[PDB]
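Below, each chain spelled out in residue letters.
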Amino acid sequence: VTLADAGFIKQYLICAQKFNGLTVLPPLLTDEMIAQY
Amino acid sequence: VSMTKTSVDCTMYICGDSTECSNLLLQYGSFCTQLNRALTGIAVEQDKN
Amino acid sequence: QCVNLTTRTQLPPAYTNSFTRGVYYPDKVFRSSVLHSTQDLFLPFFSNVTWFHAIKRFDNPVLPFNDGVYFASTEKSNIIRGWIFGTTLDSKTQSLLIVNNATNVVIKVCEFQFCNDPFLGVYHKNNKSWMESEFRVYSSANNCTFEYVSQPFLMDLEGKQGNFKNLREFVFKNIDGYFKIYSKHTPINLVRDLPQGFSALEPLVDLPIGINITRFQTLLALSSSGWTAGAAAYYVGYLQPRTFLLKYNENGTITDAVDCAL
Amino acid sequence: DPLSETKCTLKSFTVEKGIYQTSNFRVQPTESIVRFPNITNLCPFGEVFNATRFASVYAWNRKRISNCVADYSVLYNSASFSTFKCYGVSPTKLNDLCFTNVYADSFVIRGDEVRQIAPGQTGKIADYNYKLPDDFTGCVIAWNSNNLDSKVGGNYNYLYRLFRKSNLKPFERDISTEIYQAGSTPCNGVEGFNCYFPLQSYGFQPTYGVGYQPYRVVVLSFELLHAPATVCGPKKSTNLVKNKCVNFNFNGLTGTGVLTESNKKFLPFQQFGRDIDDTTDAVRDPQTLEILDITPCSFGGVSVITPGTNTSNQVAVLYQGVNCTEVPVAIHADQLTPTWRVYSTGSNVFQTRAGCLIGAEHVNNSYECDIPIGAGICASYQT
Amino acid sequence: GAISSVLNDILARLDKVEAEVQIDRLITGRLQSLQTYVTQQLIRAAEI
Amino acid sequence: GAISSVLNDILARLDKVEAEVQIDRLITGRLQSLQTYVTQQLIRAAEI
Ligand SMILES: *[C@@H]1O[C@H](CO)[C@@H](O[C@@H]2O[C@H](CO)[C@@H](O)[C@H](O)[C@H]2NC(C)=O)[C@H](O)[C@H]1NC(C)=O
Ligand SMILES: *[C@@H]1O[C@H](CO)[C@@H](O)[C@H](O)[C@H]1NC(C)=O
Ligand SMILES: *[C@@H]1O[C@H](CO)[C@@H](O)[C@H](O)[C@H]1NC(C)=O
Ligand SMILES: *[C@@H]1O[C@H](CO)[C@@H](O)[C@H](O)[C@H]1NC(C)=O
Ligand SMILES: *[C@@H]1O[C@H](CO)[C@@H](O)[C@H](O)[C@H]1NC(C)=O
Ligand SMILES: *[C@@H]1O[C@H](CO)[C@@H](O)[C@H](O)[C@H]1NC(C)=O
Ligand SMILES: *[C@@H]1O[C@H](CO)[C@@H](O)[C@H](O)[C@H]1NC(C)=O
């Protein structure tokens with residue numbers, strides 16, 4: 001699935017706002033915290 | 001279980017860095033506050049899920 | 001000087017498929033790693049180009065210029081030398097000339113009286129060395145307007161190698177008062193067909209000429225009749241309005257394209 | 001302060017425990033930069049407007065204009081012009097711009113007909129002899145010329161077309177003097193029953209009333225922002241500065257951002273570059289031809305973390321998705337929408353994956369989550 | 001239906017009154033584009 | 001709020017510059033009528 005996510009992340013890991021106003025926020029739980037649960 | 005938490009600013013999107021367009025956008029009232037709130041409610045729900 | 005070179009063989013016109021050739025940068029803008037979609041006058045993919053030779057042969061008819069033209073020549077000794085473009089060609093209106101002589105290129109717009117069977121002439125006759133000697137093109141040019149010329153050089157006027165080493169490609173459009181030229185050079189090692197592959201044409205020059213073009217004809221290199229014509233050839237395709245998808249790579253060069261209506 | 005901005009956002013004097021959104025921050029530009037192509041030739045408007053003789057409305061003179069400074073304010077600020085109407089620019093703005101190419105058209109027309117020149121009109125001028133395109137960008141400039149070419153018998157050199165088989169395309173020219181067939185009959189020869197010579201003449205005698213008098217028209221028409229510009233207003237260019245936020249203008253690409261040396265390999269014919277979003281991300285300076293990457297100068301969402309009004313007026317500020325090396329860049333020597341700025345004193349600054357958090361002590365304890373920041377970080381109010 | 005889809009290219013070319021009719025077109029259409037996107041996203045969020 | 005709902009009547013009665021402003025009203029109202037239908041269908045699709 002990251003082979004699809006990485007497309008979305010570069011088109012839209014300190015994510016930042018694009019000039020069109022699009023912003024991608026981080027989840028509250030990291031993939032390491034979901035792995036630990 | 002979730003989808004990417006995306007927040008769009010309705011002011012930045014409609015009127016990006018124009019104060020002229022921002023002054024006109026205010027004539028429509030709350031629609032940008034309501035749209036930023038609606039997207040923020042979706043973003044909070046991804047953590048809940 | 002105008003003259004009729006009727007010492008030529010009579011056959012029908014040849015045809016061949018364009019393949020994916022005849023794509024050019026649609027606007028003067030940089031893009032990179034992008035799949036851009038554009039609507040413009042392109043040569044449709046896998047379309048019938050007509051095919052013409054000078055060899056026995058001197059295929060130099062007047063052809064339509066409807067919506068502009070892809071022209072490409074498989075070349076040796078530089079036999080393809082220029083083009084005449086216009087709406088009458090017999091002095092009653094303006095017309096455009098392009099010539100590459102041995103030294104410097106000339107581009108001119110005037111109310112020309114063109115010769116019916118024009119050419120440029122090179123002499124080898126008992127001199128063991130090719131030398132530029134004749135130009136037969138127009139008698140008169142009175143009300144002349146756009147004047148342009150290159151800085152001077154010398155090109156080669158000699159060559160008797162086997163397969164064609166040079167492909168020279170051009171696209172011409174007469175739109176919004178500008179005659180836009182796109183052109184490109186590639187080496188190739190191929191005998192009698194357009195090379196299958198992909199490469200774009202860059203804008204060569206932008207000419208503010210305004211004039212009506214309806215038809216066009218090509219100027220080739222060559223005791224006033226009877227001669228030797230060296231083996232060289234050119235292909236002609238007509239542009240059409242189409243939508244194209246263009247792969248700009250990491251350098252910002254077009255490396256592949258899709259014709260949306262193919 | 002950030003707390004009072006949350007009180008104002010939530011419409012309450014008491015804000016509850018949580019993390020809240022506020023105004024986005026954005027480093028405002030320090031200064032303007034103008035970069036027009038460095039030329040000096042003043043444009044040939046003299047022999048456009050103050051010309052000897054003027055073509056007919058069927059044979060309208062076209063003069064191309066290029067490689068020159070066009071002070072359109074010198075035309076517009078004259079008292080002489082009766083009309084100066086413009087269809088994709090305002091006449092005050094013309095100096096602030098460069099154009100890809102320009103055509104001045106010219107003719108003389110009767111004063112009652114000048115209303116026909118405007119784009120997408122109709123009438124015998126607009127339908128059969130001079131049509132402006134329905135999306136025209138340019139200006140139509142008109143004035144009376146009665147005392148310049150009227151003759152007391154009449155200046156019968158001014159002709160116009162009344163008859164044409166079908167309405168002409170925009171900017172089409174028609175010099176034809178062939179005879180027109182109104183009825184069903186063929187009409188070979190110079191004349192006949194219901195056959196017409198398609199050109200008629202104006203009675204330009206200096207005696208006539210306004211509306212019947214001869215009016216001089218120019219149409220300035222021009223194309224925009226898709227080629228290396230050839231004509232510009234007299235706006236002085238300025239020294240090019242980099243890495244600072246500025247109100248740039250290159251050839252009429254007005255914008256706001258930071259300029260920097262790009263590694264982009266533009267080919268010699270390209271002047272602008274664009275992103276995947278098709279917004280212009282790079283420009284080639286028209287004076288000293290290097291490629292500079294237009295980057296939007298730092299901005300982002302701002303969020304305020306509070307334990308609730310009941311407990312404290314302490315708050316922490318999350319600058320969403322920005323490295324806070326760019327928070328000291330927001331020094332009050334230039335403006336931002338967030339007019340408040342005391343947090344910048346620092347000593348409790350913490351970079352997170354979610355952006356940079358100011359005003360909160362980072363600890364190596366992991367407690368239960370309380371106020372959620374993102375990327376595994378939470379905040380809470382404790383000793 | 002405005003003279004441009006680029007917002008600065010309107011404010012550069014026109015004045016403080018002729019621009020507003022063009023800016024309001026972009027405000028109207030853009031706002032509708034967000035109202036659409038947010039509706040698709042609210043209905044999507046309900047499915048997720 | 002156009003002069004008529006019949007698309008070809010506006011094009012016959014008015015000139016090409018005024019008729020464009022009448023067709024702007026029909027396109028906008030119909031497009032809102034379609035967006036209303038598709039939003040209502042998406043809410044129904046979620047219920048089904
Ligand atoms: C070349 O041959 C053509 C005919 O094949 C000649 O063209 C004629 O020219 C005269 C005027 O000189 C016209 O009245 C004829 O109508 C033309 N014929 C055609 C079919 O167009 C031409 O004159 C010859 N030129 C030379 C230099 O020999
Ligand atoms: C090319 O044109 C000829 C007629 O001139 C036609 O017979 C032939 O089928 C065409 N080529 C293709 C690929 O259809
Ligand atoms: C031989 O070619 C040269 C080219 O400079 C020319 O000057 C000379 O007159 C030619 N002589 C003959 C006999 O062709
Ligand atoms: C064009 O050429 C003809 C013949 O010399 C002449 O009558 C006409 O006036 C010329 N036009 C110009 C603009 O010189
Ligand atoms: C252009 O792209 C190719 C393919 O990735 C690469 O080899 C080449 O180094 C690039 N050009 C430059 C100037 O780096
Ligand atoms: C026209 O000429 C007069 C001088 O004869 C001058 O005052 C006026 O400014 C000129 N107008 C233009 C548009 O050149
Ligand atoms: C947190 O732990 C790191 C070592 O993992 C240490 O360098 C740092 O000083 C500690 N900070 C505090 C506030 O204890």
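Let us look at the sheet that holds strand β4 (residues 34–42) of chain C. All names here are of chain C. One open sheet holds the three strands; their spatial order is β4-β19-β20, and the pairing between them is antiparallel. Edge positions in the open sheet fall to β4 and β20 (254–259), since each of these has one partner strand only. Mean inter-strand twist for the sheet, computed between neighbouring axes without regard to direction, equals 30°. Sheet analysis places β4 next to strand β19 (residues 240–248), joined by nine bridges and oriented antiparallel. When the sheet's bridge partners are listed, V34 is paired in β19 with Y248.

As a further point, take the UniProt feature "disulfide bond" in chain B. Residues and elements named next belong to chain B. Look at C10 and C32: UniProt pairs them in a disulfide, and at 2.0 Å between sulfurs the bond is present in this structure. Pair noted here: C10 is in helix α1 (residues 10–15) and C32 is in helix α3 (residues 31–48), with a separation of 22 residues, a long-range link. Taking the relative accessible area as the measure of exposure, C10 reaches 1% and is therefore buried. Assessed through its relative accessible area of 10%, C32 is described here as buried.

Peptide bonds are, in most cases, trans, and in most cases residues other than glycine have a negative phi. Residues and elements named next belong to chain C. A positive phi angle, near 50°, is found at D176, a position not held by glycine. Along the chain, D176 falls in the loop between β14 (164–175) and β15 (178–190). By relative accessible area, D176 is classed as exposed at 53%.

Another aspect to go through is the packing of α3 of chain B against helix α2 (residues 18–47) of chain E. Their axes nearest at 10 Å, the elements α3 of chain B and α2 of chain E cross at an angle of 25°. Put simply, α3 of chain B runs roughly parallel to α2 of chain E. Judged by the twist between their axes, the crossing of α3 of chain B over α2 of chain E is left-handed. Here α3 of chain B contributes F31, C32, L35, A38, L39, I42 and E45 of chain B to the contact with α2 of chain E, which in turn contributes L31, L34, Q35, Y37, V38, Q41, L42 and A45 of chain E.

All right, on to a nonpolar patch on the surface then. All names here are of chain A. Together, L29, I34 and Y37 line one region of the surface with nonpolar side chains, adding up to about 370 Å² of accessible area. In this fold, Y37 is placed in the segment after α2 (31–36). Judged by its relative accessible area of 80%, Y37 is exposed.

Cut-offs applied
- Residues numbered from 1 in each chain as written, not as in the entry; some residues may be left out.
- Chains lettered and ligands numbered in written order.
- Part of a larger assembly, values for the part shown.
- Heavy atoms only, no water.
- Pairing = 2+ DSSP bridges.
- Helix = DSSP H or I, 4+ residues; strand = E, 2+ residues; numbered from the N terminus.
- Axes fitted to C-alpha atoms, helices over the stretch in contact; angles between N-to-C directions.
- Disulfide = S-S within 2.5 Å.
- UniProt positions renumbered as here; feature names shortened; annotations may be inferred.
- Buried < 20%, exposed > 50% of the residue type's maximum accessible area, 1.4 Å probe, protein only.
- Parallel < 35°, antiparallel > 145°, perpendicular 65-115°, else oblique.
- Left-handed = near helix turned anticlockwise from the far one by under 90°.
- Contact = heavy atoms within 4.5 Å.
- Patch = residues over 30% accessible without salt bridge, like charges linked within 9 Å, V, L, I, M, F, W, Y side chains within 5 Å.
- Areas by Shrake-Rupley, 256 points an atom, 1.4 Å probe, with all protein chains shown as cover.
- Salt bridge = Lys/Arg side-chain N within 4 Å of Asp/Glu carboxyl O.

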